[PDB]
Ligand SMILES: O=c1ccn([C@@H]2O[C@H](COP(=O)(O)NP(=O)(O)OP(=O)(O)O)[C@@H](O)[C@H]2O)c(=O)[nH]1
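Just the one chain here, laid out as structure tokens, in the form solved without the named molecule.
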């Protein structure tokens, strides 16, 4: 009665069974389970939940108090009046949706500073399986929050009013500092629709004005309607008329960044960023994503100061060490300098011994000068038009929009008043290319620093003079106490640190794989703990209990992979979270990671940023994680339930031989 094969029927059956949680629960009941090493229970279920709730309650009160503080005026910004709501229609609807972001015909926004913090689930697990005092102390220092009005304005003022230093910079110099492979550059002489369709972005991010919807929601309006209109005014050299008639098409929104913040500085520090119109960001992203994909990193070309694109897995961690060891004596041979946005790793030798410095810039975007920004854009544009000269003029026009977006877009903050940064200097954080602008500004300053070493100014190795130098000569503010050269353990033993310092937020450690040294990332337990108990997620009451339980599992898998497996205490905690995850939650069909489970939040595991788990019901063993970082002696990801496939299929193959003798 041919309709489908039994093989196919069995598969269909199994795919449907992973969606029946009641059935999974039954079928996995006595299943053999592989248990992670885990910390012992420290208190009972109710106590863990009460301790977490007490902490959350205190943080909520701290946020509410800080949110109640008056903020300073916005008088440090230029004020431009009000913008009319865009009236452009795309078929049956306006591109600016009716009855939203509209105050009597004028574009409007409202800043959200909510009282709610992150959820208690992760913190409950922490109290359940770790030291009460340490958990409590750790959890009280940081919280995931909207921040505050006062802190928002304070930080906005700092990065829009700082006195900058114009860099001395040319194509020739940027070529030396940021070599790239021209063959990897996108053919921007291709047709524009196709180029823009190739850029990647966050589907649920704001599309900005005039759309006031997510990017995936606003994507047809942008592509089908606004983009060709923008294109027509570009090529007719008539952007002025478009700007004047439809100012919302060039308007940005200045927003408070919801983030992990130190509780004690909530009233002084909330980070601003800018959200630009989708058509502008997507157009410019054609150049910016093409360039970043073509950039060499330091470990590939030792003349390069670029670490933007560096990642830890597949030898990456060890690549850093090998590259760094080539650092020479200060004043004689080149140091090793790695820039990624506002993060830097500096190596030099004094009397033969390797030293490492990992300084912080204070609010770096405030120090990014207009000359650097224009030179970066010129560098990126010229790289493409050198390789693809027939599209030179179009992309040079795009370059001008890019500079504008990075330095001078008008923006809303709260209500209808439109603002503009008083000076071209200062980078408008969140503009496309933010990372590259930061990276370049950092490298230019540090390249000059290295030049001064060779000039014989060795006192620039010392915090006092280094800080003065970066301030007076580059307008950069290095945080006092963060210029602290440390002796490098150049060939660490098993379990030993490279140094105690962080780069890209992680320490470098050596661990054992058989008799091989494997270089891996690492953190102190307290830092894993802070991340764990402050998930970047607000309390969603639409979230089922199953979803919450599955989130804990995925986040634990994520932290382990990021290197929490290499700290006993974090390993034991993530292990307890995983072991306490129900069989049906482990094995259910999940949506994130394309059915493979939510990828780790940490962004620099792989260069393309996309880490994917092999299976949604695997757990990160030490052996498996180690193999992710080695250049390789790989292995599969171990399943939590080795027999899950057949318990779920209700079928275990028995060999039945048709060739038997019966007689």
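Positions refer to the first chain, counted from 1. Take the two forms, superpose them, and find the largest set of C-alpha atoms that agree within 1.5 Å; that set is the rigid core.
> In a third or more of the other entries compared, is residue 27 missing its coordinates?
Replying inline: Counting only entries that model residues on both sides, residue 27 is resolved in every one of them.
> Do a third or more of the other compared PDB entries fail to give coordinates for residue 278?
Replying inline: No.
>> Mean Cα B factor from the PDB record: higher for 432 to 440, or higher for 546 to 554?
In response: Comparing averages over the C-alpha atoms only gives 546 to 554.
>> Per the record, averaged over C-alpha atoms, which has the higher B-factor: 572 to 580 or 506 to 514?
In response: Taking the mean C-alpha B-factor of 506 to 514 and of 572 to 580, the larger value falls to 506 to 514.
> At the C-alpha atoms, which of 356, 93, 200, 163 reaches the highest B-factor in this entry?
Replying inline: Going by the entry's C-alpha B-factors, 93 comes out highest.
>> Looking at 34, 605, 598, 628, which one carries the largest C-alpha B-factor according to the PDB entry?
In response: In this record, 34 carries the highest C-alpha B-factor of the candidates.
> Split the chain's modelled residues into thirds by Cα B-factor; is residue 80 in the lowest, middle or highest one?
Replying inline: Highest third.
>> Ranking every modelled residue in this chain by its Cα temperature factor as given in the entry, which third contains residue 540?
In response: Residue 540: CA B-factor falls in the highest third of its chain.
>> Could you place residue 594 in the lowest, middle or highest third of its chain by Cα temperature factor, using the values in the record?
In response: Answer is highest: the recorded C-alpha B-factor places it there.
>> Can you tell me whether residue 417 has a C-alpha B-factor in the lowest, middle or highest third compared with the other modelled residues of the same chain?
In response: Its C-alpha B-factor belongs to the middle third of this chain's values.
>> What third of the chain does residue 531 rank in for C-alpha temperature factor, lowest, middle or highest?
In response: Middle third - that is where residue 531 ends up once the chain's C-alpha B-factors are sorted.
Here the subject shifts to the form deposited with the named molecule bound, a form of this protein not shown in this document.
>> Considering non-hydrogen atoms and a 4.5 Å limit, does the named molecule approach residue 438 in the entry with it bound?
In response: Residue-level check for residue 438: yes, a contact with the named molecule.
> Does the named molecule get within 4.5 angstroms of any non-hydrogen atom of residue 188 in the entry with it bound?
Replying inline: Looking in the entry with it bound, residue contacts with the named molecule do not include residue 188, since no heavy atom lies within 4.5 Å.
>> Even though the partner isn't displayed, in the entry with it bound is residue 361 close enough to the named molecule, meaning a heavy atom within 4.5 Å?
In response: Yes, residue 361 lies within 4.5 Å of the named molecule in the entry with it bound.
> Is there a heavy atom of residue 342 lying 4.5 Å or less from a heavy atom of the named molecule in the entry with it bound?
Replying inline: Yes - in the entry with it bound, heavy atoms of residue 342 and the named molecule come within 4.5 Å of each other.
> 395 to 403, 512 to 520, 380 to 388, 426 to 434: which one contacts the named molecule in the entry with it bound at 4.5 Å, heavy atom to heavy atom?
Replying inline: Flagged stretch: 426 to 434.
> If you check 353, 333, 237, 479 against the named molecule in the entry with it bound, which one has a heavy atom within 4.5 Å?
Replying inline: It is 479 that has a heavy atom within 4.5 Å of the partner.
>> To verify the annotation, which of these, 417, 296, 257, 484, has a non-hydrogen atom within 4.5 Å of the named molecule in the entry with it bound?
In response: Exactly one residue meets the criterion: 257.
> Along 257 to 280, which positions have a non-hydrogen atom within 4.5 Å of the named molecule in the entry with it bound?
Replying inline: Going through 257 to 280 in order - heavy atoms within 4.5 Å of the named molecule in the entry with it bound - the hits are 257, 269, 271.
> Upon rigid core superposition, which of the listed residues (32, 41, 636, 65) is displaced by 2 angstroms or more at its Cα between the shown form and the other one?
Replying inline: It is 636; the other listed residues stay below 2 Å.
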